[PDB]
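**Student:** To start, I am sharing the structure in question, which I have written as structure tokens.
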Amino acid sequence: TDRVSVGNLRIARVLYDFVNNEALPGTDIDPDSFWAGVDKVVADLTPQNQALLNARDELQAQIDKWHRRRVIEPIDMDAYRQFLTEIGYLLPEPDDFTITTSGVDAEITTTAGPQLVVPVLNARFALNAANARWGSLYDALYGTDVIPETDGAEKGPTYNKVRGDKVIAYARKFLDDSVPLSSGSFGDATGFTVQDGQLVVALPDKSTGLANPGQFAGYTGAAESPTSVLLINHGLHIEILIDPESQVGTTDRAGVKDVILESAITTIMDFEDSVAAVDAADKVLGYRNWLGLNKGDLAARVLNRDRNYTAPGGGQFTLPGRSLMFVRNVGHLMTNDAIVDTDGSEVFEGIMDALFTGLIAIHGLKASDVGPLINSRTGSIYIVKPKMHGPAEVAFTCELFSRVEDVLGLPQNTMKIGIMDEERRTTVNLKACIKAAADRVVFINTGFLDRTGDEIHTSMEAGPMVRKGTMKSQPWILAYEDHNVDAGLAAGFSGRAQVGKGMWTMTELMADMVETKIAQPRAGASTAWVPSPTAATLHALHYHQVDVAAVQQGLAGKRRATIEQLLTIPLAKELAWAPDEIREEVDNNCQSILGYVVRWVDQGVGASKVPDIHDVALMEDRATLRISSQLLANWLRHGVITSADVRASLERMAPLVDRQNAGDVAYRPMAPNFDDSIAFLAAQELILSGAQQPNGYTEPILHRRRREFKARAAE
Ligand SMILES: O=C(O)c1cc2ccc(Br)cc2[nH]1
Ligand SMILES: [Mg+2]
Ligand SMILES: [Mg+2]
């Protein structure tokens with residue numbers, strides 16, 4: 001083979017060369033010290049990595065048996081909780097504490113705002129995200145259904161004046177709500193000027209200043225006829241662009257061209273659930289894009305530079321032009337053949353991600369070429385770590401980060417941790433999980449998909465679960481959402497680390513997003529996930545309407561969730577569903593699996609706008625597979641459906657997916673030759689082997705099937 005021997009490791013050549021030629025130069029790390037470190041860290045930490053994965057299976061086995069000997073209708077919460085405590089699943093709660101995490105950027109410690117997540121393997125998307133720090137509000141309004149496409153206000157080939165007028169009015173209203181005038185409305189502004197460091201807005205009848213002049217943050221152009229005005233509200237900037245000669249500016253009372261909002265304050269470049277990466281080739285593509293972003297030289301479009309402004313009093317200043325980047329590494333489960341050992345055993349992918357994304361991140365802590373340093377001025381590397389189960393697994397990641405920092409020559413705790421709360425064993429020991437990482441943690445967050453998937457698999461043997469749609473409102477998940485916020489606040493996250501909530505998946509349903517996603521900052525989340533720059537701009541509105549810092553101070557000391565509520569298994573009652581309801585749900589789940597799987601297996605796409613069964617565009621990641629396949633495996637497990645019901649739904653849904661994909665030049669149909677489609681067979685396997693996958697994880701099956709596809713495409 002073409003691997004490179006380094007101690008006990010055999011490294012794929014494409015990876016060894018990438019690291020040597022691209023990642024290493026410019027960091028002042030000795031190439032052979034790095035590699036010796038790779039070998040050493042892998043040899044030392046692999047056994048604990050494996051022991052932790054064994055511990056999961058052991059606990060799950062004991063819970064499986066607990067339910068299997070029960071036959072009793074509801075649940076004795078006291079005994080069940082007693083049981084979890086005996087087996088080491090529920091650990092004791094630690095005494096109160098405060099996180100000590102230092103060297104963290106303002107975007108993370110203090111600023112509340114939208115957070116974007118993007119597949120690192122897609123260079124175009126990755127760049128757009130990093131550039132999404134600042135976005136046009138007019139574009140985000142005119143382009144989506146936030147301004148409804150009613151009669152006369154439709155989007156056509158060219159600019160609708162009627163529709164654009166509603167866009168202007170909406171933004172005017174937002175300005176009045178966010179940066180109020182002393183009297184009058186922005187809707188009647190005629191001009192903007194700066195006199196003696198004060199913003200002066202001209203109305204048809206008279207002039208006026210801001211109610212709170214401290215919200216005036218700066219400007220560009222002449223004070224007496226500015227090209228823009230910079231405002232601030234709740235730590236987030238709002239820039240009014242003034243140009244009477246632009247398409248929209250001509251039609252405007254004050255000549256306003258656009259309202260630019262500081263939107264995606266941070267971005268997560270994702271190596272996990274939003275990308276398909278099953279070998280050395282795929283990892284290198286991802287690693288190379290992550291390198292290009294940190295060096296600032298990635299080009300597909302290029303990265304933006306910082307924005308210059310004139311301070312209210314006349315001095316010059318600069319604001320960041322790029323989203324501050326996190327990287328999401330893969331979790332503890334999977335191995336990857338990018339490196340194998342002497343026996344041919346693949347190496348843990350999580351361990352590899354820490355070494356390589358960490359190495360690569362050093363470039364983002366230093367001046368580019370294309371220019372000042374791209375990323376963390378405070379000297380931190382921000383790694384999101386998904387899918388952990390409990391405190392010992394968080395401590396293991398911390399210890400992994402610790403060992404890498406040495407190999408890298410970095411000061412201890414340079415590598416910060418973003419703790420995802422998306423597994424049940426983490427949820428019910430969340431405080432301990434935060435404590436285990438008290439000097440590294442820079443966020444926690446919640447979601448729906450992975451967390452519900454784990455919820456179902458954990459109580460798989462208990463009985464039939466409620467429908468997927470129903471899960472979103474179950475008592476366990478509402479308590480989980482609140483408990484997460486409470487735990488972070490109690491550990492001093494306010495002003496220190498992010499408290500995040502989940503993704504809006506419905507990329508075309510922006511009106512509903514603006515209307516409903518506001519619940520998240522109102523619940524005290526200092527950040528939440530968005531699927532696009534456009535969504536980031538719209539979700540930014542929510543941080544102007546809601547003072548997250550104030551909400552968090554008011555939540556202080558509260559415990560709004562009990563361990564009982566957290567532990568309330570989402571079992572369906574007797575006689576829950578009519579036959580047609582059962583079919584629709586089965587169709588719904590088979591459709592999401594097939595629609596997502598076909599693009600993953602056949603094209604190596606890990607995220608995209610996938611039409612659901614009712615043709616709504618969703619932008620979900622791989623966890624959609626986990627929840628769906630777990631729900632069907634649960635229904636199949638308990639007699640709700642038959643294997644023939646499952647077969648029929650896949651057959652009924654495959655042509656629909658085929659149809660929703662044409663569409664795509666590279667697409668290969670699944671119907672009517674099902675057992676010839678590796679993707680169709682993957683979908684089938686996920687459901688039918690679902691109950692036997694570790695904690696319901698889909699990567700073992702999905703990765704195998706993707707490799708199979710790649711091998712066939714090469715012969
Ligand atoms: O949890 C979700 O629904 C979700 C996560 C995620 C990451 C990247 C992209 Br693109 C879309 C996503 N959806
Ligand atoms: Mg997840
Ligand atoms: Mg239900």
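Simple scheme: letters A, B, ... for chains in structure tokens order, numbers from 1 for residues in each chain, numbers from 1 for ligands in the order shown.
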Go through segment 176-312 of chain A and collect every residue that DSSP, computed from the backbone, puts in strand (DSSP E or B); the answer should be as a compact mmCIF listing (two decimals) with N, CA, C and O atoms, in the first residue's frame.
**Tutor:**
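Final output, saved to selection.txt:
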```txt
# COMPACT_ATOMS: atom_id res chain seq x y z
N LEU A 181 -36.04 57.10 17.89
CA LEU A 181 -35.76 58.54 17.84
C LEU A 181 -36.35 59.23 19.07
O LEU A 181 -37.24 58.68 19.72
N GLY A 191 -33.19 62.99 5.98
CA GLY A 191 -31.74 62.95 5.89
C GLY A 191 -31.03 62.58 7.19
O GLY A 191 -31.65 62.54 8.25
N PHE A 192 -29.73 62.31 7.08
CA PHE A 192 -28.89 61.98 8.23
C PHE A 192 -27.63 62.83 8.19
O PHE A 192 -27.03 63.00 7.13
N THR A 193 -27.26 63.38 9.34
CA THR A 193 -26.06 64.20 9.47
C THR A 193 -25.47 64.04 10.85
O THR A 193 -26.17 63.67 11.79
N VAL A 194 -24.17 64.33 10.97
CA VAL A 194 -23.49 64.26 12.26
C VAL A 194 -23.01 65.64 12.65
O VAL A 194 -22.20 66.23 11.94
N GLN A 195 -23.50 66.16 13.76
CA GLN A 195 -23.00 67.43 14.24
C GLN A 195 -22.59 67.36 15.71
O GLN A 195 -23.39 67.00 16.57
N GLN A 198 -22.94 63.95 17.39
CA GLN A 198 -24.31 63.50 17.58
C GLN A 198 -24.96 63.19 16.25
O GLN A 198 -24.84 63.96 15.29
N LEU A 199 -25.66 62.06 16.18
CA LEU A 199 -26.48 61.77 15.01
C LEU A 199 -27.68 62.72 14.99
O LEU A 199 -28.39 62.86 15.98
N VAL A 200 -27.89 63.39 13.85
CA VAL A 200 -29.06 64.24 13.68
C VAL A 200 -29.90 63.78 12.48
O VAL A 200 -29.44 63.77 11.34
N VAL A 201 -31.14 63.38 12.76
CA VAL A 201 -32.06 62.89 11.75
C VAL A 201 -33.03 64.00 11.35
O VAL A 201 -33.66 64.62 12.21
N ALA A 202 -33.13 64.26 10.06
CA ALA A 202 -34.00 65.31 9.56
C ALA A 202 -35.39 64.78 9.24
O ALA A 202 -35.54 63.85 8.44
N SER A 207 -35.92 68.55 13.13
CA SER A 207 -34.89 67.55 13.31
C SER A 207 -35.00 66.86 14.67
O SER A 207 -35.76 67.30 15.53
N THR A 208 -34.24 65.78 14.84
CA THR A 208 -34.22 65.04 16.10
C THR A 208 -32.98 64.16 16.26
O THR A 208 -32.33 63.79 15.28
N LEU A 210 -31.23 60.66 18.66
CA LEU A 210 -31.66 59.36 19.17
C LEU A 210 -32.16 59.55 20.59
O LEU A 210 -31.65 60.40 21.32
N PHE A 216 -25.63 55.53 18.81
CA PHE A 216 -24.87 56.03 17.66
C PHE A 216 -23.44 55.56 17.80
O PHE A 216 -22.77 55.90 18.77
N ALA A 217 -22.98 54.77 16.85
CA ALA A 217 -21.69 54.10 16.98
C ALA A 217 -20.63 54.62 16.02
O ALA A 217 -19.44 54.43 16.25
N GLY A 218 -21.05 55.26 14.93
CA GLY A 218 -20.10 55.77 13.94
C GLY A 218 -20.73 56.12 12.60
O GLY A 218 -21.94 56.20 12.48
N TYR A 219 -19.89 56.32 11.59
CA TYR A 219 -20.38 56.62 10.24
C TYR A 219 -19.28 56.52 9.18
O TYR A 219 -18.10 56.30 9.50
N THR A 220 -19.67 56.66 7.92
CA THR A 220 -18.71 56.76 6.81
C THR A 220 -19.05 57.95 5.89
O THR A 220 -20.19 58.38 5.80
N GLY A 221 -18.03 58.48 5.22
CA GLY A 221 -18.21 59.63 4.37
C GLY A 221 -18.22 60.91 5.18
O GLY A 221 -17.82 60.91 6.35
N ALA A 222 -18.69 61.99 4.57
CA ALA A 222 -18.70 63.30 5.23
C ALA A 222 -19.76 63.36 6.32
O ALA A 222 -20.90 62.93 6.11
N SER A 225 -22.88 64.89 4.96
CA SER A 225 -23.65 64.11 3.98
C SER A 225 -23.10 62.68 3.92
O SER A 225 -22.46 62.30 2.94
N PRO A 226 -23.34 61.88 4.98
CA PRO A 226 -22.63 60.61 5.18
C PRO A 226 -23.01 59.57 4.14
O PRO A 226 -24.11 59.64 3.59
N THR A 227 -22.11 58.63 3.88
CA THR A 227 -22.43 57.52 3.00
C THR A 227 -23.11 56.39 3.79
O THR A 227 -23.81 55.56 3.22
N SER A 228 -22.92 56.39 5.11
CA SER A 228 -23.68 55.49 5.98
C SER A 228 -23.65 55.94 7.44
O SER A 228 -22.82 56.76 7.84
N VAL A 229 -24.58 55.41 8.22
CA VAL A 229 -24.59 55.63 9.66
C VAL A 229 -24.55 54.28 10.40
O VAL A 229 -25.33 53.39 10.10
N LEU A 230 -23.64 54.15 11.35
CA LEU A 230 -23.51 52.94 12.14
C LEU A 230 -24.19 53.10 13.50
O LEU A 230 -23.90 54.04 14.24
N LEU A 231 -25.09 52.17 13.82
CA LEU A 231 -25.77 52.17 15.11
C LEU A 231 -25.48 50.87 15.86
O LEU A 231 -25.08 49.87 15.26
N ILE A 232 -25.71 50.89 17.17
CA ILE A 232 -25.56 49.68 17.96
C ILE A 232 -26.75 49.47 18.94
O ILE A 232 -27.31 50.42 19.47
N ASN A 233 -27.17 48.21 19.10
CA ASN A 233 -28.26 47.86 20.02
C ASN A 233 -28.07 46.42 20.49
O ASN A 233 -28.01 45.50 19.67
N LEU A 236 -24.99 44.58 18.99
CA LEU A 236 -25.02 44.22 17.57
C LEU A 236 -25.19 45.45 16.70
O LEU A 236 -26.02 46.31 17.00
N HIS A 237 -24.41 45.53 15.63
CA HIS A 237 -24.42 46.71 14.77
C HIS A 237 -25.49 46.70 13.68
O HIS A 237 -25.85 45.65 13.12
N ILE A 238 -25.96 47.91 13.38
CA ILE A 238 -26.94 48.18 12.35
C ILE A 238 -26.40 49.32 11.51
O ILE A 238 -26.18 50.41 12.02
N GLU A 239 -26.18 49.09 10.23
CA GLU A 239 -25.64 50.14 9.37
C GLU A 239 -26.65 50.54 8.32
O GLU A 239 -27.10 49.71 7.53
N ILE A 240 -26.99 51.83 8.31
CA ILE A 240 -27.87 52.38 7.30
C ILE A 240 -27.00 52.93 6.18
O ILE A 240 -26.29 53.90 6.40
N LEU A 241 -27.07 52.32 5.00
CA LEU A 241 -26.34 52.79 3.83
C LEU A 241 -27.11 53.89 3.12
O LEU A 241 -28.28 53.70 2.73
N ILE A 242 -26.47 55.04 2.92
CA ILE A 242 -27.13 56.17 2.26
C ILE A 242 -26.63 56.40 0.83
O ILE A 242 -25.49 56.81 0.62
N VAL A 256 -31.91 56.24 1.54
CA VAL A 256 -31.39 54.99 2.10
C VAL A 256 -31.33 53.85 1.09
O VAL A 256 -32.34 53.50 0.47
N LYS A 257 -30.16 53.26 0.96
CA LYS A 257 -29.92 52.16 0.03
C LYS A 257 -30.25 50.79 0.63
O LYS A 257 -30.81 49.92 -0.05
N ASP A 258 -29.90 50.60 1.90
CA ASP A 258 -30.03 49.30 2.54
C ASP A 258 -29.81 49.44 4.05
O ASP A 258 -29.23 50.41 4.51
N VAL A 259 -30.29 48.45 4.79
CA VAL A 259 -29.91 48.30 6.19
C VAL A 259 -29.10 47.02 6.32
O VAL A 259 -29.57 45.93 5.99
N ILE A 260 -27.86 47.17 6.75
CA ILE A 260 -26.96 46.05 6.91
C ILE A 260 -26.95 45.66 8.38
O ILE A 260 -26.77 46.51 9.25
N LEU A 261 -27.17 44.38 8.66
CA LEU A 261 -27.16 43.91 10.03
C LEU A 261 -25.96 43.02 10.31
O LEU A 261 -25.61 42.18 9.49
N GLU A 262 -25.31 43.23 11.44
CA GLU A 262 -24.36 42.27 11.96
C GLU A 262 -25.19 41.03 12.30
O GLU A 262 -26.13 41.12 13.11
N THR A 266 -20.72 34.26 14.93
CA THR A 266 -19.84 33.11 14.88
C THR A 266 -20.39 32.13 13.88
O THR A 266 -21.57 32.17 13.53
N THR A 267 -19.49 31.27 13.40
CA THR A 267 -19.81 30.19 12.48
C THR A 267 -19.09 28.89 12.89
O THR A 267 -17.93 28.90 13.33
N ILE A 268 -19.80 27.78 12.75
CA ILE A 268 -19.21 26.48 12.98
C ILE A 268 -18.93 25.78 11.64
O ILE A 268 -19.86 25.41 10.92
N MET A 269 -17.65 25.65 11.30
CA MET A 269 -17.21 24.85 10.17
C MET A 269 -17.24 23.38 10.58
O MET A 269 -16.52 22.96 11.48
N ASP A 270 -18.10 22.60 9.93
CA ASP A 270 -18.50 21.30 10.43
C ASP A 270 -17.80 20.14 9.73
O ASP A 270 -17.94 19.99 8.52
N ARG A 307 -14.08 46.15 8.32
CA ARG A 307 -14.81 47.34 7.90
C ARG A 307 -14.32 48.58 8.65
O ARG A 307 -14.26 48.58 9.88
N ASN A 308 -13.96 49.62 7.91
CA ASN A 308 -13.51 50.89 8.50
C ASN A 308 -14.67 51.85 8.72
O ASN A 308 -15.55 51.96 7.87
N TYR A 309 -14.66 52.54 9.85
CA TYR A 309 -15.68 53.53 10.17
C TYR A 309 -15.08 54.79 10.79
O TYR A 309 -13.93 54.81 11.22
N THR A 310 -15.88 55.85 10.85
CA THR A 310 -15.47 57.06 11.55
C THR A 310 -16.26 57.17 12.85
O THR A 310 -17.49 57.25 12.83
```
**Student:** Skipping near chain neighbours, those fewer than 6 positions away, what residues fall within 8 Å of residue 108 of chain A using only C-alpha atoms, listed as a PyMOL selection string?
**Tutor:** chain A and resi 266+442+496-498
**Student:** Residues up to 8 Å from ligand 2, counting only C-alpha atoms and all ligand atoms: could you list those as an MDAnalysis selection string?
**Tutor:** chainID A and resid 273 386:387 420 422 447 449:451 621:623
**Student:** Can you write out the residues you just picked, keeping N, CA, C and O atoms, as a short mmCIF file (atom, residue, chain, number, x, y, z; two decimals), in the first residue's frame?
**Tutor:**
```cif
data_model
loop_
_atom_site.label_atom_id
_atom_site.label_comp_id
_atom_site.auth_asym_id
_atom_site.auth_seq_id
_atom_site.Cartn_x
_atom_site.Cartn_y
_atom_site.Cartn_z
N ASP A 273 -21.80 16.02 11.24
CA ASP A 273 -23.07 15.53 10.70
C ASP A 273 -23.51 16.17 9.39
O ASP A 273 -24.34 15.60 8.68
N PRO A 386 -19.31 16.92 19.52
CA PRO A 386 -20.67 16.41 19.54
C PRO A 386 -20.79 15.03 20.18
O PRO A 386 -19.78 14.35 20.36
N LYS A 387 -22.01 14.63 20.53
CA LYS A 387 -22.32 13.23 20.79
C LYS A 387 -21.58 12.61 21.99
O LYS A 387 -21.37 11.41 22.05
N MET A 420 -21.75 19.94 23.14
CA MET A 420 -23.12 19.68 22.70
C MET A 420 -23.84 18.81 23.71
O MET A 420 -23.34 17.77 24.11
N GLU A 422 -26.67 16.67 23.51
CA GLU A 422 -27.50 15.98 22.52
C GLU A 422 -27.55 14.48 22.76
O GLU A 422 -27.93 13.72 21.88
N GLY A 447 -30.43 20.57 20.85
CA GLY A 447 -31.01 20.37 19.53
C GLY A 447 -32.27 19.54 19.62
O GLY A 447 -32.89 19.44 20.68
N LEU A 449 -32.71 16.63 16.89
CA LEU A 449 -32.57 15.36 16.18
C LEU A 449 -31.75 14.29 16.94
O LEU A 449 -32.29 13.23 17.27
N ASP A 450 -30.47 14.56 17.20
CA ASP A 450 -29.63 13.58 17.89
C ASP A 450 -30.23 13.27 19.24
O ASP A 450 -30.31 12.11 19.63
N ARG A 451 -30.64 14.31 19.96
CA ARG A 451 -31.11 14.14 21.32
C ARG A 451 -32.37 13.26 21.37
O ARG A 451 -32.51 12.43 22.27
N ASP A 621 -29.20 17.85 9.15
CA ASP A 621 -27.96 17.11 9.01
C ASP A 621 -28.22 15.62 9.24
O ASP A 621 -29.38 15.19 9.31
N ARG A 622 -27.15 14.84 9.34
CA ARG A 622 -27.24 13.37 9.43
C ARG A 622 -28.13 12.83 10.56
O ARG A 622 -28.70 11.73 10.43
N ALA A 623 -28.24 13.58 11.65
CA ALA A 623 -29.12 13.21 12.76
C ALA A 623 -30.59 13.00 12.38
O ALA A 623 -31.34 12.39 13.14
#
```
**Student:** If you count only C-alpha atoms and all ligand atoms, which residues end up within 6 Å of ligand 3, as number ranges by chain?
**Tutor:** A: 466-467, 470
**Student:** I'd like the contact shell of residue 112 of chain A - 12 Å cut-off, only C-alpha atoms, skipping same-chain residues fewer than 4 positions apart - returned as a short mmCIF file (atom, residue, chain, number, x, y, z; two decimals) with N, CA, C and O atoms, in the first residue's frame.
**Tutor:**
```
data_model
loop_
_atom_site.label_atom_id
_atom_site.label_comp_id
_atom_site.auth_asym_id
_atom_site.auth_seq_id
_atom_site.Cartn_x
_atom_site.Cartn_y
_atom_site.Cartn_z
N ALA A 106 -14.71 38.23 22.44
CA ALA A 106 -15.92 38.97 22.76
C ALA A 106 -17.16 38.40 22.10
O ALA A 106 -18.23 38.39 22.70
N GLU A 107 -17.01 37.91 20.87
CA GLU A 107 -18.13 37.32 20.13
C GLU A 107 -18.77 36.18 20.90
O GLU A 107 -19.97 35.92 20.76
N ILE A 108 -17.96 35.49 21.70
CA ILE A 108 -18.42 34.32 22.44
C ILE A 108 -18.83 34.63 23.88
O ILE A 108 -19.86 34.15 24.37
N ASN A 233 -27.17 48.21 19.10
CA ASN A 233 -28.26 47.86 20.02
C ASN A 233 -28.07 46.42 20.49
O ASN A 233 -28.01 45.50 19.67
N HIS A 234 -27.94 46.26 21.80
CA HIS A 234 -27.70 44.95 22.42
C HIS A 234 -26.42 44.30 21.93
O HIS A 234 -26.35 43.08 21.76
N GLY A 235 -25.40 45.12 21.68
CA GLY A 235 -24.10 44.63 21.26
C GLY A 235 -23.96 44.28 19.78
O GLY A 235 -22.93 43.77 19.36
N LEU A 236 -24.99 44.58 18.99
CA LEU A 236 -25.02 44.22 17.57
C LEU A 236 -25.19 45.45 16.70
O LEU A 236 -26.02 46.31 17.00
N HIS A 237 -24.41 45.53 15.63
CA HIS A 237 -24.42 46.71 14.77
C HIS A 237 -25.49 46.70 13.68
O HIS A 237 -25.85 45.65 13.12
N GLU A 262 -25.31 43.23 11.44
CA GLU A 262 -24.36 42.27 11.96
C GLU A 262 -25.19 41.03 12.30
O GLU A 262 -26.13 41.12 13.11
N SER A 263 -24.86 39.91 11.67
CA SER A 263 -25.74 38.73 11.64
C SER A 263 -25.06 37.53 12.29
O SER A 263 -25.20 37.29 13.49
N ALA A 264 -24.32 36.77 11.47
CA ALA A 264 -23.61 35.58 11.94
C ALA A 264 -22.33 35.96 12.68
O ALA A 264 -21.27 36.09 12.08
N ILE A 265 -22.45 36.14 13.98
CA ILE A 265 -21.33 36.58 14.82
C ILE A 265 -20.26 35.50 14.85
O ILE A 265 -19.05 35.78 14.85
N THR A 266 -20.72 34.26 14.93
CA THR A 266 -19.84 33.11 14.88
C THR A 266 -20.39 32.13 13.88
O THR A 266 -21.57 32.17 13.53
N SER A 494 -23.16 33.42 31.84
CA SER A 494 -23.55 34.76 31.40
C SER A 494 -22.33 35.67 31.43
O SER A 494 -21.69 35.83 32.46
N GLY A 495 -21.98 36.21 30.27
CA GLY A 495 -20.78 37.02 30.15
C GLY A 495 -19.48 36.23 30.01
O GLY A 495 -18.40 36.82 29.96
N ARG A 496 -19.59 34.90 29.92
CA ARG A 496 -18.41 34.05 29.84
C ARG A 496 -18.42 33.02 28.70
O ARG A 496 -17.40 32.77 28.07
N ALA A 497 -19.58 32.40 28.46
CA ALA A 497 -19.69 31.38 27.41
C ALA A 497 -21.08 31.42 26.78
O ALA A 497 -22.00 31.99 27.34
N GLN A 498 -21.22 30.80 25.62
CA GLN A 498 -22.48 30.80 24.91
C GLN A 498 -23.44 29.75 25.45
O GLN A 498 -23.04 28.66 25.83
N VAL A 499 -24.72 30.10 25.48
CA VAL A 499 -25.78 29.14 25.74
C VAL A 499 -26.62 29.08 24.48
O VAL A 499 -27.33 30.02 24.16
N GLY A 500 -26.50 27.98 23.73
CA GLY A 500 -27.08 27.91 22.39
C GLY A 500 -28.29 27.00 22.26
O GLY A 500 -28.46 26.05 23.03
N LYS A 501 -29.12 27.29 21.27
CA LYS A 501 -30.24 26.41 20.93
C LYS A 501 -30.21 26.04 19.46
O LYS A 501 -29.35 26.51 18.71
N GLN A 520 -36.29 31.45 21.37
CA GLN A 520 -34.97 31.03 21.83
C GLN A 520 -34.20 32.08 22.64
O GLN A 520 -33.72 31.76 23.73
N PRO A 521 -34.07 33.33 22.13
CA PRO A 521 -33.40 34.31 23.00
C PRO A 521 -34.27 34.67 24.21
O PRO A 521 -33.75 35.10 25.24
N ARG A 522 -35.59 34.51 24.07
CA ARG A 522 -36.53 34.78 25.16
C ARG A 522 -36.37 33.75 26.27
O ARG A 522 -36.65 34.02 27.42
N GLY A 524 -33.51 32.72 27.06
CA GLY A 524 -32.19 33.01 27.60
C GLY A 524 -30.99 32.45 26.83
O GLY A 524 -29.88 32.44 27.34
N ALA A 525 -31.22 31.98 25.60
CA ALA A 525 -30.13 31.48 24.76
C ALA A 525 -29.36 32.65 24.15
O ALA A 525 -29.97 33.50 23.49
N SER A 526 -28.04 32.71 24.37
CA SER A 526 -27.25 33.81 23.82
C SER A 526 -26.92 33.55 22.35
O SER A 526 -26.38 34.42 21.66
N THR A 527 -27.23 32.35 21.88
CA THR A 527 -27.07 32.05 20.46
C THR A 527 -28.00 30.92 20.01
O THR A 527 -28.54 30.17 20.83
N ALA A 528 -28.20 30.84 18.70
CA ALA A 528 -28.97 29.74 18.12
C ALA A 528 -28.56 29.53 16.67
O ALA A 528 -28.04 30.46 16.02
N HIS A 539 -32.77 36.20 11.77
CA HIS A 539 -32.73 35.80 13.18
C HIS A 539 -32.05 36.86 14.04
O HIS A 539 -32.22 36.87 15.26
N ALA A 540 -31.27 37.73 13.40
CA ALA A 540 -30.60 38.81 14.11
C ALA A 540 -31.63 39.79 14.66
O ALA A 540 -31.43 40.38 15.74
N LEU A 541 -32.73 39.96 13.93
CA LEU A 541 -33.86 40.79 14.39
C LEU A 541 -34.27 40.44 15.81
O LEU A 541 -34.50 41.33 16.63
N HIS A 542 -34.33 39.14 16.10
CA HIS A 542 -34.70 38.63 17.41
C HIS A 542 -33.80 39.12 18.54
O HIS A 542 -34.26 39.31 19.66
N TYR A 543 -32.52 39.32 18.26
CA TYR A 543 -31.59 39.79 19.29
C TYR A 543 -31.70 41.30 19.48
O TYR A 543 -31.24 41.84 20.48
N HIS A 544 -32.34 41.98 18.53
CA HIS A 544 -32.64 43.40 18.73
C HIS A 544 -33.91 43.61 19.56
O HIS A 544 -33.99 44.55 20.35
N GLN A 545 -34.87 42.71 19.39
CA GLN A 545 -36.13 42.79 20.11
C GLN A 545 -36.05 42.28 21.55
O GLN A 545 -36.88 42.62 22.39
N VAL A 546 -35.05 41.44 21.82
CA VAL A 546 -34.93 40.76 23.10
C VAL A 546 -33.56 40.96 23.69
O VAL A 546 -32.54 40.65 23.06
N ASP A 547 -33.52 41.47 24.92
CA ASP A 547 -32.28 41.73 25.64
C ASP A 547 -31.84 40.44 26.32
O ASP A 547 -32.21 40.18 27.47
N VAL A 548 -31.05 39.63 25.61
CA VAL A 548 -30.64 38.33 26.14
C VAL A 548 -29.91 38.45 27.48
O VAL A 548 -30.14 37.64 28.39
N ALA A 549 -29.05 39.45 27.61
CA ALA A 549 -28.33 39.67 28.86
C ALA A 549 -29.31 39.88 30.03
O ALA A 549 -29.12 39.32 31.10
N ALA A 550 -30.36 40.67 29.79
CA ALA A 550 -31.40 40.90 30.79
C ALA A 550 -32.21 39.65 31.12
O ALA A 550 -32.49 39.38 32.28
N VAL A 551 -32.59 38.89 30.10
CA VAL A 551 -33.28 37.63 30.32
C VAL A 551 -32.46 36.67 31.19
O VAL A 551 -33.00 36.05 32.10
N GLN A 552 -31.16 36.58 30.94
CA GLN A 552 -30.30 35.66 31.68
C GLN A 552 -30.13 36.04 33.16
O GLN A 552 -30.09 35.17 34.02
#
```
**Student:** Can you tell me which residues come within 10 Å of ligand 1 when counting only C-alpha atoms and all ligand atoms, ideally as a ChimeraX atom specification?
**Tutor:** /A:116-120,122,125-126,268-275,328,422,446-451,501-507,529-532,606-609,618-624
**Student:** Applying 10 Å and only C-alpha atoms, which residues near segment 19-21 of chain A remain after dropping the ones on its own chain fewer than 2 positions away? List them as a list in words.
**Tutor:**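 So, after excluding close chain neighbours, the residues are residues 13, 14, 15, 16, 17, 23, 24, 25, 31, 32, 34, 35, 284, 287, 288, 356, 359 and 360 of chain A.
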**Student:** Write out as a PyMOL selection string all residues of segment 8-67 of chain A that DSSP puts in alpha helix (DSSP H) for this structure's backbone.
**Tutor:** chain A and resi 13-18+31-67
**Student:** Which residues are near residue 352 of chain A? Cut-off 10 Å, only C-alpha atoms, ignore same chain within fewer than 3 positions. Put them as a VMD selection string.
**Tutor:** chain A and resid 38 41 to 42 329 to 330 335 to 336 338 to 339 347 to 349 355 to 358 404
**Student:** In Å, with one decimal, what is the gap from atom CA of residue 137 of chain A to atom CA of residue 209 of chain A?
**Tutor:**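 Distance reported for this atom pair: 23.3 Å.
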**Student:** Report as a PyMOL selection string all protein, DNA and RNA residues lying within 12 Å of residue 158 of chain A, evaluated on only C-alpha atoms, omitting residues in the same chain fewer than 5 positions from it.
**Tutor:** chain A and resi 142-143+163-164+247
**Student:** For residue 641 of chain A, find every residue with an atom within 12 Å (counting only C-alpha atoms), except residues of its own chain fewer than 3 positions away, and show them as a count of residues only.
**Tutor:** 25
**Student:** Here is a test: counting only C-alpha atoms, which residue of A:534, A:331, A:377, A:709 is nearest to residue 53 of chain A?
**Tutor:** A:331
**Student:** Between A:131, A:591, A:516, A:562, single out the one closest to residue 538 of chain A, counting only C-alpha atoms.
**Tutor:** A:516
**Student:** Pick from A:189, A:8, A:395, A:1: nearest to residue 48 of chain A, with only C-alpha atoms counted?
**Tutor:**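 Smallest distance to residue 48 of chain A is found for A:395.
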